[PDB]
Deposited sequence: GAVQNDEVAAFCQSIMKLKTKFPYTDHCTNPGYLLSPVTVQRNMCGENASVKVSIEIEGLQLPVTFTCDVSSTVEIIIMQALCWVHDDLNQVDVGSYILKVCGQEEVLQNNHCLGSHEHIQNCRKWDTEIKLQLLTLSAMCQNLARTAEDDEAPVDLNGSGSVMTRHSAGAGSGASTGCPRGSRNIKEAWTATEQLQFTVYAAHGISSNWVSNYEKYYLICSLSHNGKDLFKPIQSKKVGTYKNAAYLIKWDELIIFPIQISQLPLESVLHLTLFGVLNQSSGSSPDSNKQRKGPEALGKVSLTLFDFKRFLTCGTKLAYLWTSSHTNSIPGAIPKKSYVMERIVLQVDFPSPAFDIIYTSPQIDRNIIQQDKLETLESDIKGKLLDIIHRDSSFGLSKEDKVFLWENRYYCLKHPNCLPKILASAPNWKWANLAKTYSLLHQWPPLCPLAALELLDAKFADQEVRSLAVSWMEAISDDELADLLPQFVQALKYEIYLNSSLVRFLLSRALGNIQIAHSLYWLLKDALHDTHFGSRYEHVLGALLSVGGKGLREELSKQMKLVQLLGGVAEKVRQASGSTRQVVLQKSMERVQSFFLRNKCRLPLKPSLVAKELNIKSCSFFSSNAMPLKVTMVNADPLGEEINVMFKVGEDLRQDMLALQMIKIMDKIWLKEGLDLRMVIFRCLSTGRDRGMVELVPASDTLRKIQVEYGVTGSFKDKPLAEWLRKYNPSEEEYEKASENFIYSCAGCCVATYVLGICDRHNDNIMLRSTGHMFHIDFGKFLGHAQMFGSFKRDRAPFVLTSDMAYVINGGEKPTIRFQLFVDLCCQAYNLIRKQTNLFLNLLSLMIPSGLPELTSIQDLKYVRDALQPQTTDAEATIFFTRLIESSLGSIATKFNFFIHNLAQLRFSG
């Protein structure tokens, strides 16, 4: 009745969000993906295909120069005078990939240019006009006009009535339940900011009702020692059903009711909540007076607190905690102090999460002072504001304000943070929030964000508690996306469903059968591509028209992953090679890759390029997805065995020399290793990945090292080498059997990198904190964050930290560590 109304009110606000995004505005409705940029605080050759010319013009561009001027550098090559050529209309796209470079960004900024530079591959672009550019994903006029398909009052603070409700009954219990369990009981808890207000109240233990084995009837009144006036707005009642077995009691399912609804009215009368195991209806009867109780916020306190009495004596302790890594591990006496001297910290905005976490309580009286500070507070950094969207800050005024600061973030930065933002929706108790409107707004204005949100929300649906919420959010995204986007995403969904069929069919056969099974199973995929051309879900810029069945294969390892080879719909493009894996939960692989990618962004933003391999991985359902295949790369295992057949101190060295024969070619390959290895060693330690052996590490022919398996992750239960540097690796780093200055470089890079991540301890702890609700196996507790914080040693300075990591490296070498110098 009220939840149907909430859904109605949601849709109408989404209908008026759509108004800000007309189909005519190309800015927000391009119809194509924008090639991503990562601002990085140098010459390259680019090869541009131009309409009319038989050969593409190849010239050297300044990496620093903007795409706009490179477009008319290319126009200067064809036209002696570019005054009648309508320079504005022309754009630059990557050859093969239906992604357009951003005109007002440096060429060096673009991820594609960065990648090409790393691999030393050719930058192939195409100069064209947006007329010729494919805009099939663009929204239409139809899409714009289309609708979205997914009495007397007492104010709360006066209400002295006690929070009580009678748990009445659960309906529709299963046959295997009445079999197993003898009696059932509910545990009722009341929380705000994700923390209990009072200890949970347990119900009486009751069997199924007489002459009705589908029903459990308690009909018991539960009374909490709290008045209605003491309840914060975002108060939530949790009910967990337990069942004591016949002949510890087991948690059958959870339910959460918000005590205040979306129009600030206290829940009255009978409320039905549905817990999933199978749909069980649980009835809770709240009191039902002749009057509606509404929540009203505290009266606005208007103050501008300016110059104040200052002391030196305590200012030092103040700036000590201001410049603390995070609000994690902050003791009681530290909080009371900061809270007292909060108005002095007005010149350091990024420490507001530290201040709000130091608040004595969120009592109605103490809110006017909190809101007074908040609405005179300077803007936070988007990445800092993330903390305010976590569980421990449920207040709407905090969250709404966190999202307003968040609006300052770029699409390109947001795109890689979306998993955390999707999880953050679980801490929004109301469907229609500032956060969901923010996400939907960005999705409308950027097709990469919309595309990413789709897959993330579709994975989130599998949450038994929050699956209902995400259903409405994804319905809003798909509706608002338009027919163009929808029809394309449908094709992508069908492709993965087909690739999924063959994947499990392949694994379910014998050795002989496997190769024939694949060739036969792929016929149904061949059929798909004859009636449609599909964009690759992993990288939707690539459009596959046909499958190269003769090139398709399986990787002979334990899940028997597929090697799907599709031919590009663009002849200027290159063949599409992706792996489709089934069985393994690729979400923790996704997180590891994300964390490593963010480490890379941090490093690059401080001018440290460790030449990291950053490959994609997408979960396209439960325990299945596709992984980007890095070309001309093998595992250290295969390298070690193939060149142990032919010495046994230099198998990697002689592998790199095979593909890099000249002195300068081997030099650049050895150098690539040094940098990439340093980055891997740092990442291995900080994220705690102790399953790093010859199979789990991979090496590109260009010299770049990278991890592939992330089964062990946040496993900081290690006995006192985190990472391993074998004699093979050391030989490549040194360029010899005796230590050189190249090892000093490796050690310098490691420590320098380590420290740049230590500087962003807060970000990493926030990013890992927000992924705890995901259900990833290692990430289950805040304690699991402490392990990462301990690895980052925020207490120590860069001097001591360098000494620590340098001792990690000396330990890493192990037996052969004797040869090097302390």
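Residues of the deposited sequence lacking C-alpha coordinates, numbered from 1, fall in the stretches 1, 43-48, 158-183, 281-293, 324-341, 370-372, 714-715, 790-796, 899-910.
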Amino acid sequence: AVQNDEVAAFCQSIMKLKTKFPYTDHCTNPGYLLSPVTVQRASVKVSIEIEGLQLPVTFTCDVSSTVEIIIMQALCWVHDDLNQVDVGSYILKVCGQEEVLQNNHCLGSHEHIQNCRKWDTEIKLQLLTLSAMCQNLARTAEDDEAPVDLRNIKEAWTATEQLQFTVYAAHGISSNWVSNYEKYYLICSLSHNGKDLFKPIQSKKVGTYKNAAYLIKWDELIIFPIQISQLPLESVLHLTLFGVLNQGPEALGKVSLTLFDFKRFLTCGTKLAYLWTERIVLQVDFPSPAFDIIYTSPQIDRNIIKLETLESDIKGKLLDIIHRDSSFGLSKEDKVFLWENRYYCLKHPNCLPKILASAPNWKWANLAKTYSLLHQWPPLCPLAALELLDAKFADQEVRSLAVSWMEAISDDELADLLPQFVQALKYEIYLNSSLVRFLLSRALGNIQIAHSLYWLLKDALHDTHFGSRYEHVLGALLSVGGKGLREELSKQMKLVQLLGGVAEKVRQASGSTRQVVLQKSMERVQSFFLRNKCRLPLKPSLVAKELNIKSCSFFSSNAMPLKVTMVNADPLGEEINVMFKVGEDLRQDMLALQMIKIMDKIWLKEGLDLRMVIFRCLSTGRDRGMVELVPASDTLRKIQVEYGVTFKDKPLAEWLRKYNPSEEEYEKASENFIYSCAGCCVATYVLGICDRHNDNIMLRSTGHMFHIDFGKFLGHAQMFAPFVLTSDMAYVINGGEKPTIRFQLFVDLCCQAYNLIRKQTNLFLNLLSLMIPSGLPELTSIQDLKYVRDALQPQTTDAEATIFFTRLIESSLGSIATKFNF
From here on, numbers count along this sequence of modelled residues.
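We call the rigid core whatever largest set of C-alpha positions still superposes within 1.5 Å between the two forms.
RMS Cα deviation from the shown model in 5 other deposited structures of this protein, rigid core fit, is larger for 511-519 than for the other stretch of the pair 405-413 / 511-519. Remark: when the other structures in 5 other deposited structures of this protein are fitted onto this one via the rigid core, 302-310 deviates more than the alternative among 302-310 and 264-272, judged by RMS CA distance.
Among other compared entries that model residues flanking residue 594, every one gives it coordinates, keeping it clear of the one-third cutoff. Compared with other entries of the same protein, residue 718 falls in the group left without coordinates by at least a third of them, where both flanks are modelled. As the entry records it, the average C-alpha temperature factor is higher for 784-792, out of 784-792 and 763-771. Of the two segments examined, 191-199 and 707-715, it is 707-715 that shows the higher average Cα temperature factor in the deposited entry.
The residue among 413, 609, 145, 589 whose C-alpha carries the highest B-factor in the deposited model is 145.
For the set 253, 467, 573, 651, the maximum C-alpha B-factor listed in the entry falls on 651. Looking at the C-alpha B-factors along this chain, the one for residue 358 belongs to the highest third.
For residue 117, the recorded CA temperature factor ranks within the lowest third of the chain's modelled residues.
Looking at the C-alpha B-factors along this chain, the one for residue 54 belongs to the highest third.
The PDB entry assigns residue 86 a C-alpha temperature factor belonging to the highest third of its chain's modelled residues. The deposited CA B-factor of residue 539 belongs to the lowest third of values across its chain.
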